[PDB]
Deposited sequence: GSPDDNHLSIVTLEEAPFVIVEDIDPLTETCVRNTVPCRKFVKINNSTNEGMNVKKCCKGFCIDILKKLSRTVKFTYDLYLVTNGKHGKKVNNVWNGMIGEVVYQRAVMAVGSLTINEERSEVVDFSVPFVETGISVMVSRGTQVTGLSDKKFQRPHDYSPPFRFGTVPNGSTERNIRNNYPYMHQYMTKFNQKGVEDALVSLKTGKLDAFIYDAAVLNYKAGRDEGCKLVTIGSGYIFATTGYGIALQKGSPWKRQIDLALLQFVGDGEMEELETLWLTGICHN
């Protein structure tokens, strides 16, 4: 009944804040982040932090509907999840190696992750989108500018944030495009957005849900997703649970009840709506 839950900061899904002077107030819940003392030790401290957002509100509703208590912590071993030397890091790894009962966040459902963890029903539609400056002509992922980049002089500058589900898919589907674009690897979303606006990058390939959120709140509506905010390889965010977890049935029914009761639309209205 008292479950260990892992999460990761990715606004507006999960937003991390400092504790107020002296705990977590209002729409926020307590989360803990293990912070190292130094790099010549394995010692660290669990800093009390506060968490909010679309995914945190889902966790609150699940907590009262499914009837469970939880201790929320933030992943420090990588991010979302990557299989390095046949070993999983990130939120996926925390669930695979049973350090967490479940993973809640902007966690993309894909085939390789579904072989090692169980995912709930999707609760946010996502996949791959392309963010460009308004007016940029790119048909889609299959555009020659992306597919055969060196046919263009100068070539089109495009990148992603590596080690997530987006880079994985690109690696598997477009080997040549992938090896060319690693030169334009971005540290995070904020870095990528700055790079686009200042003309240092032409396209940013990333998670459809985060890209459409950022496009909607962009100052001057300069940055757009290609097509009608088109999604390639459509999937969803889901709750990762352990294989054969006794929690799945009740988690899926509760999420589907929130969809049917109108609660999901209220969450989309608070957290996800934008101007553009």
(message) Let me make sure I understand the coverage. Which parts of the deposited sequence, in order from the N-terminal end, have no C-alpha coordinates here?
(response) 1 to 5, 27 to 28, 284 to 285
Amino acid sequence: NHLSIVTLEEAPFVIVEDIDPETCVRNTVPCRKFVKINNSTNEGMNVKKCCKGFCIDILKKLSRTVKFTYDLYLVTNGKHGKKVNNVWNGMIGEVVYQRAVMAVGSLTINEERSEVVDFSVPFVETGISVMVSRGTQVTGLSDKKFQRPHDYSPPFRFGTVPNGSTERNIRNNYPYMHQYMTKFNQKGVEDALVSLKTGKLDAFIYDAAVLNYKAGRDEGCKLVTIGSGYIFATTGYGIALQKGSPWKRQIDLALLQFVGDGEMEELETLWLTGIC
From here on, numbers count along this sequence of modelled residues.
(request) Determine if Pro12 is unmodelled in a third or more of the other PDB entries compared for this protein. (result) no
(message) Over the set of other compared entries for this protein, does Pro21 lack coordinates in at least a third of them?
(response) yes
(message) I need to verify one thing: averaged over C-alpha atoms only, is the B-factor higher for 259 to 267 or for 19 to 27?
(response) 19 to 27
(request) Could you check which stretch, 221 to 229 or 235 to 243, carries the larger mean CA temperature factor in the entry? (result) 221 to 229
(request) Check the PDB entry and point out which of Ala209, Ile56, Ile251, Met45 has the largest C-alpha temperature factor. (result) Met45
(request) Among the candidates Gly140, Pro162, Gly90, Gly127, give the one with the maximum CA B-factor reported in the record. (result) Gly140
(request) Would you mind checking where the Cα B-factor of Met181 ranks among the modelled residues of its chain, as the lowest, middle or highest third? (result) lowest
(message) By the recorded C-alpha temperature factor, relative to the other modelled residues in its chain, which third is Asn86 in?
(response) highest
(request) Give the position of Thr136 by CA B-factor within its chain, expressed as the lowest, middle or highest third. (result) highest
(request) Can you work out whether the C-alpha temperature factor of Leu193 puts it in the lowest, middle or highest third of the chain? (result) middle
(message) Ranking every modelled residue in this chain by its Cα temperature factor as given in the entry, which third contains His80?
(response) lowest
